[PDB]
Amino acid sequence: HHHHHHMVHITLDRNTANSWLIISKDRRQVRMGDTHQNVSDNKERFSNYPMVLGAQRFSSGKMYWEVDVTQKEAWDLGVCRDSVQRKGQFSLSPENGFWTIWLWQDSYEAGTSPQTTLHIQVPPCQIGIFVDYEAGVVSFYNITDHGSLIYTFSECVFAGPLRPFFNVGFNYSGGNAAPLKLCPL
Ligand SMILES: O=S1(=O)CCN(Cc2ccco2)CC1
């Protein structure tokens, strides 16, 4: 692809994080902590899942960023509406305001309802995310495989400002502690 020139510098918003997440000082990395991270509760925090939002809000234009997923077993990545539900149980779907892909139990899937199987020959270590607000497009690229397309959501109905969306995943197995990292431009 040729989306690299729309690169944006994303930072994580501490205030939206699940209370067990540890966001690095530079606000570019996030990982699952061993316990509650000693923060007050607020209506922004994701309660049920290890999720956090980027600080940036997008309502126009073309945006691109890259995330490092090296050695993780589970994660969700994409964008979501600023107004998505934070508390309780919910599914990642466009109807709920999410445009995402994920890894879970050795399979990659796009967060459609119901979910769509992805065909990835080279397990990615870094994912590129492209958003064209006007066109209604969210695309995912495999940076490990020369930028090959993973998935395009088209005819998106954003219906609000978008925020970068992250889930570090659960670590029941002891094999999913590694962080998500925002890769340099
Ligand atoms: O992933 S875990 O090993 C450590 C965190 N716990 C509690 C927790 C935090 C957020 C959602 O649920 C689940 C099992």
# chains A, B, ... in the order shown; residues from 1 in each chain; ligands from 1
>>> residues_near_ligand(ligand="ligand 1", cutoff="12 Å", atoms="only C-alpha atoms and all ligand atoms", output="PDB file with N, CA and C atoms, in the first residue's frame")
ATOM      1  N   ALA A  17      -8.545   3.746  30.241  1.00  0.00           N
ATOM      2  CA  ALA A  17      -7.989   2.385  30.363  1.00  0.00           C
ATOM      3  C   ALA A  17      -8.762   1.582  31.408  1.00  0.00           C
ATOM      4  N   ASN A  18      -8.949   0.301  31.156  1.00  0.00           N
ATOM      5  CA  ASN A  18      -9.248  -0.662  32.243  1.00  0.00           C
ATOM      6  C   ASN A  18      -8.223  -0.443  33.382  1.00  0.00           C
ATOM      7  N   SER A  19      -8.691  -0.568  34.611  1.00  0.00           N
ATOM      8  CA  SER A  19      -7.891  -0.246  35.815  1.00  0.00           C
ATOM      9  C   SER A  19      -6.712  -1.185  36.005  1.00  0.00           C
ATOM     10  N   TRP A  20      -6.588  -2.311  35.304  1.00  0.00           N
ATOM     11  CA  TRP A  20      -5.425  -3.228  35.404  1.00  0.00           C
ATOM     12  C   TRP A  20      -4.348  -2.911  34.388  1.00  0.00           C
ATOM     13  N   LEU A  21      -4.581  -1.947  33.477  1.00  0.00           N
ATOM     14  CA  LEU A  21      -3.575  -1.676  32.430  1.00  0.00           C
ATOM     15  C   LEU A  21      -2.490  -0.731  32.949  1.00  0.00           C
ATOM     16  N   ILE A  22      -1.310  -0.949  32.408  1.00  0.00           N
ATOM     17  CA  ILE A  22      -0.133  -0.076  32.626  1.00  0.00           C
ATOM     18  C   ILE A  22       0.238   0.534  31.287  1.00  0.00           C
ATOM     19  N   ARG A  31       0.302  -2.565  28.574  1.00  0.00           N
ATOM     20  CA  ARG A  31       0.303  -4.004  28.912  1.00  0.00           C
ATOM     21  C   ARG A  31      -0.611  -4.273  30.107  1.00  0.00           C
ATOM     22  N   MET A  32      -0.962  -5.546  30.257  1.00  0.00           N
ATOM     23  CA  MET A  32      -1.751  -6.063  31.404  1.00  0.00           C
ATOM     24  C   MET A  32      -0.875  -6.040  32.659  1.00  0.00           C
ATOM     25  N   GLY A  33      -1.363  -5.402  33.719  1.00  0.00           N
ATOM     26  CA  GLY A  33      -0.673  -5.445  35.019  1.00  0.00           C
ATOM     27  C   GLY A  33      -1.066  -6.676  35.795  1.00  0.00           C
ATOM     28  N   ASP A  34      -0.373  -6.891  36.926  1.00  0.00           N
ATOM     29  CA  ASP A  34      -0.566  -8.082  37.793  1.00  0.00           C
ATOM     30  C   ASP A  34      -1.804  -7.908  38.673  1.00  0.00           C
ATOM     31  N   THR A  35      -2.275  -6.686  38.820  1.00  0.00           N
ATOM     32  CA  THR A  35      -3.376  -6.334  39.754  1.00  0.00           C
ATOM     33  C   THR A  35      -4.036  -5.048  39.279  1.00  0.00           C
ATOM     34  N   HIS A  36      -5.004  -4.556  40.037  1.00  0.00           N
ATOM     35  CA  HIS A  36      -5.526  -3.171  39.916  1.00  0.00           C
ATOM     36  C   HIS A  36      -4.359  -2.202  40.026  1.00  0.00           C
ATOM     37  N   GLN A  37      -4.277  -1.204  39.138  1.00  0.00           N
ATOM     38  CA  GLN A  37      -3.127  -0.282  39.081  1.00  0.00           C
ATOM     39  C   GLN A  37      -3.332   0.994  39.917  1.00  0.00           C
ATOM     40  N   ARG A  45     -13.726   4.441  31.884  1.00  0.00           N
ATOM     41  CA  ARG A  45     -12.916   3.203  31.863  1.00  0.00           C
ATOM     42  C   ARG A  45     -13.690   1.998  31.346  1.00  0.00           C
ATOM     43  N   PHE A  46     -13.069   1.215  30.458  1.00  0.00           N
ATOM     44  CA  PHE A  46     -13.629  -0.099  30.082  1.00  0.00           C
ATOM     45  C   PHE A  46     -13.581  -1.042  31.291  1.00  0.00           C
ATOM     46  N   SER A  47     -14.719  -1.559  31.749  1.00  0.00           N
ATOM     47  CA  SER A  47     -14.745  -2.322  33.028  1.00  0.00           C
ATOM     48  C   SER A  47     -14.463  -3.795  32.822  1.00  0.00           C
ATOM     49  N   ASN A  48     -14.963  -4.403  31.766  1.00  0.00           N
ATOM     50  CA  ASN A  48     -15.010  -5.880  31.640  1.00  0.00           C
ATOM     51  C   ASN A  48     -13.818  -6.441  30.878  1.00  0.00           C
ATOM     52  N   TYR A  49     -13.084  -5.590  30.148  1.00  0.00           N
ATOM     53  CA  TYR A  49     -12.067  -6.107  29.219  1.00  0.00           C
ATOM     54  C   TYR A  49     -10.842  -5.218  29.298  1.00  0.00           C
ATOM     55  N   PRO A  50      -9.661  -5.725  28.917  1.00  0.00           N
ATOM     56  CA  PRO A  50      -8.418  -4.943  29.028  1.00  0.00           C
ATOM     57  C   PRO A  50      -8.192  -3.974  27.853  1.00  0.00           C
ATOM     58  N   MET A  51      -9.148  -3.039  27.716  1.00  0.00           N
ATOM     59  CA  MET A  51      -9.233  -2.093  26.577  1.00  0.00           C
ATOM     60  C   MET A  51      -8.834  -0.676  26.981  1.00  0.00           C
ATOM     61  N   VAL A  52      -8.346   0.084  26.004  1.00  0.00           N
ATOM     62  CA  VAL A  52      -7.967   1.519  26.172  1.00  0.00           C
ATOM     63  C   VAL A  52      -8.160   2.200  24.813  1.00  0.00           C
ATOM     64  N   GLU A  73      -0.647 -13.665  22.159  1.00  0.00           N
ATOM     65  CA  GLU A  73      -1.592 -14.765  21.837  1.00  0.00           C
ATOM     66  C   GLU A  73      -2.995 -14.218  21.544  1.00  0.00           C
ATOM     67  N   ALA A  74      -3.321 -13.021  22.022  1.00  0.00           N
ATOM     68  CA  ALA A  74      -4.682 -12.468  21.906  1.00  0.00           C
ATOM     69  C   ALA A  74      -4.601 -10.949  21.939  1.00  0.00           C
ATOM     70  N   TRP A  75      -5.444 -10.297  21.147  1.00  0.00           N
ATOM     71  CA  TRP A  75      -5.533  -8.813  21.099  1.00  0.00           C
ATOM     72  C   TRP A  75      -6.642  -8.428  20.142  1.00  0.00           C
ATOM     73  N   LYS A  87     -19.094   0.065  29.998  1.00  0.00           N
ATOM     74  CA  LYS A  87     -19.360  -0.814  31.167  1.00  0.00           C
ATOM     75  C   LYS A  87     -20.150  -2.053  30.758  1.00  0.00           C
ATOM     76  N   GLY A  88     -19.860  -3.179  31.376  1.00  0.00           N
ATOM     77  CA  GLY A  88     -20.575  -4.418  31.101  1.00  0.00           C
ATOM     78  C   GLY A  88     -20.099  -5.154  29.869  1.00  0.00           C
ATOM     79  N   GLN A  89     -20.867  -6.155  29.462  1.00  0.00           N
ATOM     80  CA  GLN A  89     -20.514  -7.039  28.342  1.00  0.00           C
ATOM     81  C   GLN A  89     -21.043  -6.478  27.034  1.00  0.00           C
ATOM     82  N   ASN A 167      -7.106  -3.551  22.568  1.00  0.00           N
ATOM     83  CA  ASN A 167      -7.348  -4.541  23.641  1.00  0.00           C
ATOM     84  C   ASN A 167      -6.083  -5.392  23.755  1.00  0.00           C
ATOM     85  N   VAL A 168      -5.423  -5.374  24.920  1.00  0.00           N
ATOM     86  CA  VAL A 168      -4.190  -6.191  25.105  1.00  0.00           C
ATOM     87  C   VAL A 168      -4.550  -7.676  25.265  1.00  0.00           C
ATOM     88  N   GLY A 169      -5.820  -7.953  25.527  1.00  0.00           N
ATOM     89  CA  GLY A 169      -6.267  -9.336  25.789  1.00  0.00           C
ATOM     90  C   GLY A 169      -5.982  -9.799  27.201  1.00  0.00           C
ATOM     91  N   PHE A 170      -6.647 -10.903  27.548  1.00  0.00           N
ATOM     92  CA  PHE A 170      -6.531 -11.592  28.851  1.00  0.00           C
ATOM     93  C   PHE A 170      -5.169 -12.290  28.913  1.00  0.00           C
ATOM     94  N   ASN A 171      -4.719 -12.638  30.114  1.00  0.00           N
ATOM     95  CA  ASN A 171      -3.460 -13.404  30.253  1.00  0.00           C
ATOM     96  C   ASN A 171      -3.721 -14.579  31.201  1.00  0.00           C
ATOM     97  N   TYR A 172      -4.819 -15.295  31.021  1.00  0.00           N
ATOM     98  CA  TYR A 172      -5.067 -16.548  31.785  1.00  0.00           C
ATOM     99  C   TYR A 172      -3.947 -17.563  31.534  1.00  0.00           C
ATOM    100  N   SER A 173      -3.347 -17.608  30.349  1.00  0.00           N
ATOM    101  CA  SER A 173      -2.398 -18.652  29.903  1.00  0.00           C
ATOM    102  C   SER A 173      -0.980 -18.372  30.415  1.00  0.00           C
ATOM    103  N   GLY A 174      -0.678 -17.142  30.835  1.00  0.00           N
ATOM    104  CA  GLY A 174       0.717 -16.740  31.080  1.00  0.00           C
ATOM    105  C   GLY A 174       1.539 -16.547  29.841  1.00  0.00           C
ATOM    106  N   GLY A 175       0.919 -16.622  28.659  1.00  0.00           N
ATOM    107  CA  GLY A 175       1.663 -16.455  27.412  1.00  0.00           C
ATOM    108  C   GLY A 175       1.275 -15.164  26.677  1.00  0.00           C
ATOM    109  N   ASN A 176       0.471 -14.317  27.303  1.00  0.00           N
ATOM    110  CA  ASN A 176      -0.018 -13.087  26.637  1.00  0.00           C
ATOM    111  C   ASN A 176       0.329 -11.796  27.398  1.00  0.00           C
ATOM    112  N   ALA A 177       1.404 -11.765  28.160  1.00  0.00           N
ATOM    113  CA  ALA A 177       1.767 -10.555  28.945  1.00  0.00           C
ATOM    114  C   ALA A 177       2.369  -9.444  28.087  1.00  0.00           C
ATOM    115  N   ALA A 178       2.858  -9.743  26.886  1.00  0.00           N
ATOM    116  CA  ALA A 178       3.613  -8.741  26.096  1.00  0.00           C
ATOM    117  C   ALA A 178       2.716  -7.535  25.827  1.00  0.00           C
TER     118      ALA A 178
END
>>> residues_around(residues="residue 136 of chain A", least_positions_apart="5", cutoff="7 Å", atoms="only C-alpha atoms", output="count of residues only")
4
>>> residues_around(residues="residue 127 of chain A", least_positions_apart="4", cutoff="7 Å", atoms="only C-alpha atoms", output="ChimeraX atom specification")
/A:66-68,140-143
>>> select_by_dssp(residues="segment 43-169 of chain A", states="strand (DSSP E or B)", output="VMD selection string")
chain A and resid 51 to 54 58 62 to 68 75 to 81 98 to 104 107 to 110 116 to 117 126 to 132 137 to 142 148 to 153 162 to 167
>>> atom_distance(atom1="atom CA of residue 117 of chain A", atom2="atom CA of residue 91 of chain A")
16.1 Å
>>> select_by_dssp(residues="chain A", states="helix (DSSP H, G or I)", output="ChimeraX atom specification")
/A:4-6,14-16,94-96,143-145
>>> residues_around(residues="segment 1-8 of chain A", least_positions_apart="3", cutoff="12 Å", atoms="only C-alpha atoms", output="ChimeraX atom specification")
/A:11,54-58,61-66,128-132,138-143,145-150,164,182-185
>>> write_last_selection(atoms="N, CA and C atoms", output="tab-separated table (two decimals), in the first residue's frame")
chain	number	residue	atom	x	y	z
A	11	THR	N	-1.27	8.57	20.75
A	11	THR	CA	-0.93	8.38	22.19
A	11	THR	C	-2.15	7.77	22.89
A	54	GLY	N	-7.01	5.52	22.14
A	54	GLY	CA	-6.10	6.64	21.83
A	54	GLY	C	-6.72	7.97	22.25
A	55	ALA	N	-5.88	8.96	22.50
A	55	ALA	CA	-6.34	10.31	22.88
A	55	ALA	C	-6.92	11.04	21.67
A	56	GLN	N	-6.39	10.76	20.49
A	56	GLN	CA	-6.78	11.52	19.27
A	56	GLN	C	-8.23	11.20	18.87
A	57	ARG	N	-8.99	12.20	18.42
A	57	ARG	CA	-10.32	12.06	17.82
A	57	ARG	C	-10.25	12.44	16.35
A	58	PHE	N	-10.84	11.65	15.47
A	58	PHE	CA	-10.81	11.92	14.01
A	58	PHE	C	-12.23	12.07	13.52
A	61	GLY	N	-10.73	13.24	7.00
A	61	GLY	CA	-9.38	12.99	6.50
A	61	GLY	C	-8.99	11.53	6.48
A	62	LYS	N	-7.72	11.36	6.17
A	62	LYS	CA	-7.07	10.05	6.04
A	62	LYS	C	-6.03	9.98	7.15
A	63	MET	N	-5.98	8.85	7.84
A	63	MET	CA	-5.09	8.61	8.99
A	63	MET	C	-4.48	7.22	8.89
A	64	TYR	N	-3.25	7.06	9.32
A	64	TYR	CA	-2.55	5.76	9.28
A	64	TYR	C	-1.71	5.66	10.54
A	65	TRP	N	-1.70	4.50	11.16
A	65	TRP	CA	-0.74	4.21	12.25
A	65	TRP	C	-0.41	2.71	12.29
A	66	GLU	N	0.62	2.34	13.06
A	66	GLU	CA	1.11	0.94	13.13
A	66	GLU	C	1.24	0.51	14.58
A	128	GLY	N	-0.71	-2.42	10.33
A	128	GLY	CA	-1.02	-1.05	9.90
A	128	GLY	C	-2.52	-0.85	9.81
A	129	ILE	N	-3.00	0.28	10.32
A	129	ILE	CA	-4.43	0.64	10.32
A	129	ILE	C	-4.61	1.94	9.55
A	130	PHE	N	-5.44	1.87	8.53
A	130	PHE	CA	-5.78	3.03	7.66
A	130	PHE	C	-7.26	3.36	7.81
A	131	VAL	N	-7.57	4.65	8.05
A	131	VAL	CA	-8.96	5.17	8.12
A	131	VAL	C	-9.13	6.30	7.11
A	132	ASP	N	-10.08	6.15	6.22
A	132	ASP	CA	-10.55	7.26	5.33
A	132	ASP	C	-11.95	7.64	5.79
A	138	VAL	N	-12.15	1.44	6.68
A	138	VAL	CA	-11.09	1.06	7.66
A	138	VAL	C	-10.36	-0.17	7.11
A	139	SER	N	-9.07	-0.04	6.85
A	139	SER	CA	-8.28	-1.16	6.30
A	139	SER	C	-7.15	-1.53	7.25
A	140	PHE	N	-6.77	-2.80	7.19
A	140	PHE	CA	-5.73	-3.43	8.03
A	140	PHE	C	-4.69	-4.06	7.11
A	141	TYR	N	-3.43	-3.83	7.44
A	141	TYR	CA	-2.27	-4.28	6.62
A	141	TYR	C	-1.30	-5.09	7.48
A	142	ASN	N	-0.67	-6.08	6.86
A	142	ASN	CA	0.32	-6.99	7.52
A	142	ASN	C	1.71	-6.44	7.24
A	143	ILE	N	2.31	-5.68	8.15
A	143	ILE	CA	3.58	-4.98	7.87
A	143	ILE	C	4.68	-6.05	7.74
A	145	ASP	N	4.49	-8.94	6.31
A	145	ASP	CA	4.33	-9.50	4.93
A	145	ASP	C	4.25	-8.37	3.88
A	146	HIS	N	5.20	-7.45	3.88
A	146	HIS	CA	5.37	-6.42	2.82
A	146	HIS	C	4.08	-5.60	2.71
A	147	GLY	N	3.32	-5.45	3.80
A	147	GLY	CA	2.15	-4.54	3.74
A	147	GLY	C	0.92	-5.17	3.13
A	148	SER	N	0.83	-6.49	3.05
A	148	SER	CA	-0.29	-7.17	2.35
A	148	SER	C	-1.61	-6.84	3.05
A	149	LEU	N	-2.67	-6.73	2.29
A	149	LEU	CA	-4.01	-6.45	2.88
A	149	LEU	C	-4.48	-7.62	3.71
A	150	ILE	N	-4.95	-7.30	4.93
A	150	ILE	CA	-5.65	-8.25	5.81
A	150	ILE	C	-7.17	-8.14	5.65
A	164	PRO	N	-8.74	5.74	18.08
A	164	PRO	CA	-7.98	4.48	18.00
A	164	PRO	C	-8.40	3.58	19.18
A	182	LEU	N	2.79	1.32	20.03
A	182	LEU	CA	2.65	2.19	18.83
A	182	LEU	C	4.05	2.40	18.23
A	183	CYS	N	4.23	1.97	16.98
A	183	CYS	CA	5.56	1.97	16.27
A	183	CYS	C	5.87	3.37	15.78
A	184	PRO	N	7.15	3.77	15.79
A	184	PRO	CA	7.53	5.08	15.31
A	184	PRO	C	7.26	5.19	13.80
A	185	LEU	N	6.91	6.41	13.40
A	185	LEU	CA	6.83	6.97	12.03
A	185	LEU	C	8.16	6.75	11.29
>>> residues_around(residues="residue 93 of chain A", least_positions_apart="5", cutoff="12 Å", atoms="only C-alpha atoms", output="PyMOL selection string")
chain A and resi 76+78-81+84-85+98-102+109-116+153+156-158
>>> write_last_selection(atoms="N, CA, C and O atoms", output="compact mmCIF listing (two decimals), in the first residue's frame")
# COMPACT_ATOMS: atom_id res chain seq x y z
N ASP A 76 -7.18 -7.23 20.32
CA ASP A 76 -8.12 -6.59 19.36
C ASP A 76 -7.50 -5.24 18.96
O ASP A 76 -6.97 -4.55 19.85
N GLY A 78 -8.25 -1.59 16.27
CA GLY A 78 -8.95 -0.90 15.18
C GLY A 78 -9.30 0.50 15.61
O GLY A 78 -8.47 1.22 16.17
N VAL A 79 -10.52 0.93 15.27
CA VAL A 79 -11.11 2.23 15.69
C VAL A 79 -12.49 1.98 16.30
O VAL A 79 -13.13 0.92 16.06
N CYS A 80 -12.98 2.97 17.01
CA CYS A 80 -14.35 2.93 17.50
C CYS A 80 -14.91 4.34 17.62
O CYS A 80 -14.15 5.36 17.64
N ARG A 81 -16.23 4.42 17.68
CA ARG A 81 -16.91 5.70 18.00
C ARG A 81 -16.44 6.22 19.36
O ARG A 81 -16.16 5.42 20.26
N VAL A 84 -18.84 4.76 22.29
CA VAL A 84 -19.08 3.32 22.56
C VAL A 84 -19.33 3.10 24.06
O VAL A 84 -18.72 3.77 24.92
N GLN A 85 -20.12 2.08 24.33
CA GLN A 85 -20.35 1.55 25.71
C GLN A 85 -19.02 1.19 26.37
O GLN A 85 -18.16 0.61 25.73
N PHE A 98 -17.76 -0.29 16.56
CA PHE A 98 -16.36 -0.77 16.50
C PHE A 98 -16.02 -1.29 15.11
O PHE A 98 -16.85 -2.10 14.59
N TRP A 99 -14.84 -0.96 14.62
CA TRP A 99 -14.27 -1.50 13.35
C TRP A 99 -12.89 -2.09 13.67
O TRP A 99 -11.92 -1.30 13.80
N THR A 100 -12.86 -3.42 13.87
CA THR A 100 -11.72 -4.08 14.53
C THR A 100 -11.39 -5.40 13.85
O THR A 100 -12.28 -6.00 13.22
N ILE A 101 -10.16 -5.87 14.09
CA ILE A 101 -9.75 -7.28 13.84
C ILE A 101 -9.16 -7.78 15.15
O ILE A 101 -8.79 -6.97 16.03
N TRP A 102 -8.97 -9.10 15.21
CA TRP A 102 -8.39 -9.68 16.42
C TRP A 102 -7.70 -10.99 16.14
O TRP A 102 -7.91 -11.64 15.10
N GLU A 109 -9.59 -12.92 13.00
CA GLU A 109 -10.99 -12.66 12.55
C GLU A 109 -11.29 -11.16 12.55
O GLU A 109 -10.82 -10.46 13.45
N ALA A 110 -12.10 -10.73 11.59
CA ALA A 110 -12.62 -9.35 11.56
C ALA A 110 -13.92 -9.30 12.36
O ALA A 110 -14.77 -10.21 12.31
N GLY A 111 -14.07 -8.20 13.12
CA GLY A 111 -15.19 -7.95 14.03
C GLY A 111 -16.45 -7.52 13.32
O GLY A 111 -17.02 -6.50 13.64
N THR A 112 -16.89 -8.28 12.34
CA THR A 112 -18.23 -8.17 11.74
C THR A 112 -19.22 -8.95 12.62
O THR A 112 -18.75 -9.67 13.53
N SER A 113 -20.53 -8.83 12.39
CA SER A 113 -21.52 -9.63 13.15
C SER A 113 -22.31 -10.49 12.16
O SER A 113 -23.08 -9.98 11.36
N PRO A 114 -22.08 -11.82 12.09
CA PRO A 114 -21.08 -12.53 12.86
C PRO A 114 -19.67 -12.31 12.29
O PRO A 114 -19.49 -11.75 11.21
N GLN A 115 -18.67 -12.71 13.06
CA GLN A 115 -17.25 -12.46 12.73
C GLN A 115 -16.84 -13.17 11.43
O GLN A 115 -17.45 -14.21 11.07
N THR A 116 -15.84 -12.61 10.76
CA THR A 116 -15.36 -13.10 9.46
C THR A 116 -13.95 -13.67 9.64
O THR A 116 -13.05 -12.94 10.10
N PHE A 153 -13.02 -2.94 5.91
CA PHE A 153 -14.43 -2.54 6.17
C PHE A 153 -14.77 -1.36 5.25
O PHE A 153 -14.10 -0.32 5.29
N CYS A 156 -18.68 2.07 5.77
CA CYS A 156 -18.76 2.24 7.23
C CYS A 156 -19.71 3.41 7.55
O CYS A 156 -19.60 4.47 6.88
N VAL A 157 -20.50 3.26 8.59
CA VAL A 157 -21.36 4.38 9.07
C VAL A 157 -20.80 4.79 10.42
O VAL A 157 -21.25 4.31 11.46
N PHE A 158 -19.80 5.67 10.43
CA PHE A 158 -19.07 6.01 11.67
C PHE A 158 -20.03 6.64 12.68
O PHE A 158 -19.96 6.35 13.88
>>> closest_residue(among="A:152, A:144, A:126, A:15", to="residue 72 of chain A", atoms="only C-alpha atoms")
A:126
>>> atom_distance(atom1="atom CA of residue 16 of chain A", atom2="atom CA of residue 118 of chain A")
28.7 Å
>>> atom_distance(atom1="atom CA of residue 83 of chain A", atom2="atom CA of residue 162 of chain A")
8.9 Å
>>> closest_residue(among="A:165, A:10, A:151, A:96", to="residue 28 of chain A", atoms="only C-alpha atoms")
A:10
>>> closest_residue(among="A:53, A:30, A:69, A:39", to="residue 86 of chain A", atoms="only C-alpha atoms")
A:53
>>> closest_residue(among="A:95, A:59, A:124, A:179", to="residue 82 of chain A", atoms="only C-alpha atoms")
A:59
